[PDB]
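Chain and residue survey
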Amino acid sequence: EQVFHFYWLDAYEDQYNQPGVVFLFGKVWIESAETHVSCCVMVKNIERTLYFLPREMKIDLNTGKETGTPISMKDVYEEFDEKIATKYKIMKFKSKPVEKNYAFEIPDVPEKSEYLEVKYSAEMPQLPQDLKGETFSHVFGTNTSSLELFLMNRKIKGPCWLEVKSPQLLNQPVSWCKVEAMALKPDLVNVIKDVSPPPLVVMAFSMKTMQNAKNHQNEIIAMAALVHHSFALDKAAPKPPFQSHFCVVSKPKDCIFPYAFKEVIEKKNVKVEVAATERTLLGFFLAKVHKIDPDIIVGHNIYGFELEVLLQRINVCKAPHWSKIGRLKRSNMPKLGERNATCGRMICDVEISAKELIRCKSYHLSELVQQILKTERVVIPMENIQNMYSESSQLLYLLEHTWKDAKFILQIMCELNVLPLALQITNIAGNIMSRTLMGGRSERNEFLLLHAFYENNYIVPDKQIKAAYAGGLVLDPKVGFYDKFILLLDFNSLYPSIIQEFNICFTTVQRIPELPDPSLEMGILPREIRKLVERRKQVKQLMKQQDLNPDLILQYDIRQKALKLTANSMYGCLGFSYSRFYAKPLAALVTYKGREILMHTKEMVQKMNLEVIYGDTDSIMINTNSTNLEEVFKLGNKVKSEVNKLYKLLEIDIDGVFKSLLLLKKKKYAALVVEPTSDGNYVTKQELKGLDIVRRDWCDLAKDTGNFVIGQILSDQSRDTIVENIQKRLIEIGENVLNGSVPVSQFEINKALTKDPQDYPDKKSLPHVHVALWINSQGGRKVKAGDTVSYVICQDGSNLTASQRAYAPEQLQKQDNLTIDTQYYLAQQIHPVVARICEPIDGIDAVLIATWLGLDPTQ
DNA sequence: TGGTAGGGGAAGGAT
DNA sequence: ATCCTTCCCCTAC
């Protein structure tokens, strides 16, 4: 009618096949149906914003020498209209002088200058980025995308409500959405802020595949999906997290179903669809996605395998209307990039989201359900699924398996709160939520700065087509065991505070660059960090209120977590070499100040006649030689106030006291963290950092025994009795290994691949790659980059190195000639872990520990 | 398609 | 054989 109000969620831009158009996809309220439906708004006529920086004097391009003719704003306009717009076939365009700010990597560019803003249609040819001219030295905005221009010009900071003044009917239906509208010019789209976000339609799904006998390509056997139609991002997840479901199952070419599938299913009353051929199955799933019309599709291992196979089978089987997997009608699918295949619908891979929120040995679905959902997952081998087609009782269990997998995925998504958190991360950064779910953290802070400099009238850098600088300072530790109270001080968010304290920005230094006059106004980068900290503070104050909605404290918690996660990732965007806002000088300047701030702090504490024993990037550990917390906390604040007297915004605080400390090496120690109580007298928990028992590349047999040793060293017992308890247990573990009392899960060590196992220089050298190649030889799910492979080295009767004798745990039970190397774990795993832990404590030796396990003492 | 600093292991030369 | 550098993966900040 007069206006069109909708809540945008995703955007799609086709740079090559349709330039200057940005498709928006979101929700809109239909009062007649009393439900939100999917809508697609087509924003047309996105201009090409260019900026020509005029030279001081007109020079000839061939000679490159000064001709002595001054360059004016009319002369630079002449060269474009005469020699540039004609040579590159730019018929119609616009021109207007403007003043833009700049503070980035291109040299010989003033901070403030007069540029020639030129706007023309995106359907016209694009200029070269390195274009030079007789009147202008450089040109910006050459390859700026339509989506970027639209999001910046209209201040679209994340998913929000938009009004579309003067909406237009679409000639032919371009989208798979319920409602469609068109915008003539980007100026017709504004941001509405006083409206609550709408619930979303979420669909988590899973699928089971199988390799064909003739061709090695996969084949979709069964798919299941759970749907919830009012999944709110503003509050907790619904219980149950799904309202409806559908399950599909088909046959391969040379396979037929067990008897009476329909009747038995009709008898079981389970809502299961039977497809004759796989092509019939895919058409059913596409039509279900089209009718459900979800905003977010959830699954596991989507980009690595599942989505790539789904598109491939649809292409092979020639299933009609492939583009229904997204929301925009398209004639042909891209080659399998390919992330822009489900445009209009967000893709959530729980295995990817888990890698950003939690820490696990392996991030496959089976391991996630064991750690998050506290329930075991049974997986069907890809070799036994062919025999599962013999009896329907074995095949109906196959559907129930994948159907239960879809529920696990949906349950994992809810427990991690990835949807409510991703929206907050997107509304803070001001990017696209689909990119937040999948893309890295670099693209987010890239958008946060692209907005910040657009707000302040800056020309942002164009999108480009060992280490590199010094980092933190780790003081050398005073190795040993400490019986007295150890005090730990550190600076909260040092690098963000360093930026504010010293006004470090692209604009404040002459980037080589050194800190500016403290009288200078706060730069753009520090002022943005100041906002996030102030915003996080205000949210913290809101959590203090009483008589408040119990659902708000959970949402306020999600928000304040996002504010910190954004402010802390700001530094990393400066050191990333492929970052749009790459500034290695600024990154080195920050890290240098951190070292100087730490070094000056350590020397200040030493001048106070205090002994510092360890210090990492921002922390300092002080040995007090006192057993009274009244004097430790008094001395804790005395050092605190003395340090904070030097910095305006940077502050240091007590991070806890240590009852006992086992400081082994750099970044490796164990302590008993003092926790204050209402009684005024502490209770202690242990903290493990850097020790081999904390890592995941050591077996659980050595990590559990080492954790028992750490508990004995930090214990409040006599020195003569601690060594007795370790002896009695270290000889016991040496007996249960050869006796077989310990499970096989205690012998597996986990290492992940940083590249493809075939792309390694030598696979027989590294153990985990040799096991990865064996998994890739089987029919089971492949092991690609980033995947963690658990392996158990065995005894195959060969005198090859213990690393060359590395096998998979599944090979130990299958092959009877592979047995657990008993002497290896007692000498190469359990011994060095316990030996390095007991190195500073007097009494336990390396050879004495080896004699306890039961091996030839040579140490 | 955040960073550097650092430990602990094994491979692969050179000797 | 041993010494040494290189590469590997995982950590702490």
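Residues numbered from 1 in each chain as written, not as in the entry; some residues may be left out. Chains lettered and ligands numbered in written order. Heavy atoms only, no water. Residues with missing side-chain atoms left out of burial classes, pairs and counts.

As recorded in the PDB header, X-ray crystallography is the method behind this entry, and the stated resolution is 3.3000 Å.

**Observations regarding the overall build of chain A**
Heads up, the rule is: Helix and strand assignments come from DSSP, with helices taken as H or I runs of at least 4 residues and strands as E runs of at least 2, each series counted from the N terminus. Our radius of gyration is a C-alpha quantity, and the globule rule it is checked against amounts to 2.2 Å times the number of residues to the power 0.38.
The helix and strand tally for chain A stands at 23 helices and 29 strands. In terms of overall dimensions, chain A is globule-like: its C-alpha atoms have a radius of gyration of 32 Å, near the 29 Å expected for 859 residues. Seen through its principal axes, chain A has C-alpha atoms that stretch 90 × 85 × 65 Å.

**Looking at the domain arrangement of chain A**
Here is the rule we go by: Residue ranges assigned to each domain were obtained from an automatic or database domain assignment.
What the domain assignment reports for chain A is domain 1 (47-151) and domain 2 (694-853). A separation of 64 Å is found between the C-alpha centroids of domain 1 and domain 2.

**Thoughts on the sheet that holds strand 3 (residues 35-43)**
Heads up, the rule is: Here a strand pair is declared whenever DSSP counts at least two bridges between the two strands. To get an axis, fit a line to the C-alpha atoms, keeping to the stretch in contact for a helix; angles then go from 0 to 180 degrees between the N-to-C directions.
An order of 11-3-2-1-10-12 is seen for the 6 strands of this open sheet, with the pairing classed as mixed. What marks the edges here is a single partner per strand, and that holds for strand 11 (179-183) and strand 12 (189-192). Sheet twist, expressed as the average angle between the axes of neighbouring strands with direction ignored, equals 40°. Relative to strand 10 (residues 161-164), strand 1 (residues 5-13) is paired through 3 bridges, and the arrangement is antiparallel. The partner of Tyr-7 across the bridge, within strand 10, is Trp-161.

**Structural notes on the packing of aromatic side chains**
Rule in force here: Pairing of aromatic rings covers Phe, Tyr and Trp, the last counted by its six-membered ring, and requires centre-to-centre distances within 6.5 Å; plane angles under 30 degrees mean stacked, over 60 mean edge-to-face, and any other angle means tilted. Whether a charge sits over a ring comes down to the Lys NZ or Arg CZ being within 6 Å of the ring centre and within 35 degrees of the ring normal.
A centroid spacing of 5.6 Å and a plane angle of 70° characterise the contact between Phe-104 and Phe-581, whose relative ring orientation is edge-to-face. In this structure an aromatic cluster arises from ring pairing among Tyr-51, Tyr-102, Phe-104, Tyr-115, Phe-140, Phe-453, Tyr-458, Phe-506 and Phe-581. Lying over the aromatic face of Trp-176, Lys-324 brings its terminal NZ or CZ to 5.4 Å of the ring centre. Over the aromatic face of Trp-176 sits the side chain of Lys-329, whose NZ or CZ is 5.0 Å from the ring centroid.

**Describing the sheet that holds strand 8 (residues 112-120)**
For sheets, the rule is that strands pair by backbone hydrogen bonds, running either parallel or antiparallel. Read across the sheet, 4 strands follow the order 7-8-4-9 without closing on themselves; strand pairing throughout is antiparallel. Whereas interior strands pair on both sides, the edge strands pair on one side only; in this sheet they are strand 7 (94-101) and strand 9 (136-140). Here the average twist between neighbouring strands, direction ignored, is 30°. Judged from the 8 bridges that link them, strand 7 and strand 8 form a sheet pairing that is antiparallel. When the sheet's bridge partners are listed, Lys-96 is paired in strand 8 with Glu-117.

**Some words on the pattern of salt bridges**
Rules: We define a salt bridge as a contact between a side-chain nitrogen of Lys or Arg and a carboxyl oxygen of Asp or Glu at a distance within 4 Å.
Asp-295 is the partner of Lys-27 in a salt bridge, and the nearest nitrogen-oxygen pair spans 3.3 Å. Of the two residues, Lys-27 sits in strand 2 (residues 22-30) while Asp-295 sits in the loop between helix 4 (278-292) and strand 17 (296-299), which places them 268 residues apart along the sequence. Residues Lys-703 and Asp-700 are paired through a salt bridge, measuring 3.9 Å at the closest nitrogen-oxygen approach. Of this pair, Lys-703 and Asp-700 both sit in helix 18 (residues 700-713), 3 residues apart, which is roughly one turn of that helix. Look at the salt bridges and you will find they share partners, linking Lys-27, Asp-293, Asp-295, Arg-327 and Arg-345 into a network.

**Here we look at the packing of helix 4 against helix 5 (residues 302-317)**
This is how the line gets drawn: If an angle is under 35 degrees, it is roughly parallel; if it is over 145, roughly antiparallel; if it lies from 65 to 115, roughly perpendicular; otherwise it is oblique. Note on convention: the crossing is left-handed when the near helix lies turned anticlockwise from the far helix by less than a right angle, right-handed when the turn is clockwise. The contact definition used throughout considers only heavy atoms, calling two residues in contact when any of these lie within 4.5 Å. Each residue gets one label: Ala, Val, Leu, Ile, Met, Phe, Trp, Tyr, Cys and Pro are nonpolar, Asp, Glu, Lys and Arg are charged, and the others, such as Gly, are polar.
In the contact formed by helix 4 and helix 5, the axes pass within 10 Å of each other and the chain directions differ by 125°. As judged from the angle between their axes, helix 4 and helix 5 are oblique. Like other packed secondary-structure pairs, helix 4 and helix 5 cross with a definite hand, here left-handed. Contacts from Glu-278, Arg-279, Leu-282, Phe-285 and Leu-286 in helix 4 reach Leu-310, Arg-313, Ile-314 and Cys-317 in helix 5. Looking at side-chain class alone, the contact of helix 4 with helix 5 contains 6 nonpolar, no polar and 3 charged residues.

**Quick notes on the environment of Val-771**
For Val-771, the location among the structural elements is in helix 20 (residues 767-777). Once the C-alpha coordinates of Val-771 and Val-789 are considered, the two residues, 18 residues apart in sequence, prove to be 7.5 Å apart. When near neighbours in sequence (up to four residues on either side) are disregarded, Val-771 contacts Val-789, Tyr-791, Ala-806, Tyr-807 and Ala-808.

**Details of unusual backbone geometry**
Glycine aside, residues mostly have negative phi, and peptide bonds are mostly found in the trans state. A cis amide bond links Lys-239 to the next residue, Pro-240, at an omega of 5°. Summarising the element assignment, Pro-240 is placed in the loop between strand 14 (220-231) and strand 15 (244-249). Positive phi values are uncommon outside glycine, yet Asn-503 reaches one of about 55°. As for its placement among the helices and strands, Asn-503 is situated in the loop between helix 12 (494-502) and helix 13 (524-542).

**So, the pairing of strand 6 (residues 66-70)**
The pairing of strand 5 (residues 57-59) with strand 6 spans 3 bridges and is antiparallel. In the sheet register, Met-57 faces strand 6, and the bridge partner there is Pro-70.

**Observations concerning the packing of helix 9 (residues 418-429) against helix 14 (residues 550-568)**
Following both chains from N to C, one finds helix 9 and helix 14 inclined at 50°, their axes separated by 9 Å at the closest point. Classed by the angle they form, the pair helix 9 and helix 14 counts as oblique. When you trace helix 9 past helix 14, the crossing you get is right-handed. Of the residues in helix 14, those touching helix 9 at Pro-420, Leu-421, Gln-424, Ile-425 and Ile-428 are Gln-555, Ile-558, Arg-559, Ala-562, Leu-563, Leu-565 and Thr-566. Of the residues assigned to the contact of helix 9 with helix 14, the class counts are 8 nonpolar, 3 polar and 1 charged.

**Focus: helix 16 (residues 584-607)**
In an α-helix, one turn spans 3.6 residues, which is why side chains three or four residues apart end up on the same side. In plain terms, the rule: Helix span, expected: 1.5 Å multiplied by one less than the number of residues in the helix.
Helix length check: helix 16 (24 residues) gives 34 Å between terminal C-alpha atoms against 34 Å at 1.5 Å per residue, within 8%. In the stretch just after helix 16, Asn-609 is the one whose phi turns positive, near 60°.

**Details of the environment of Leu-116**
Inspection of the secondary structure assignment puts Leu-116 in strand 8. Separated by 19 residues in the primary sequence, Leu-116 and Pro-97 have C-alpha atoms spaced 4.7 Å apart.

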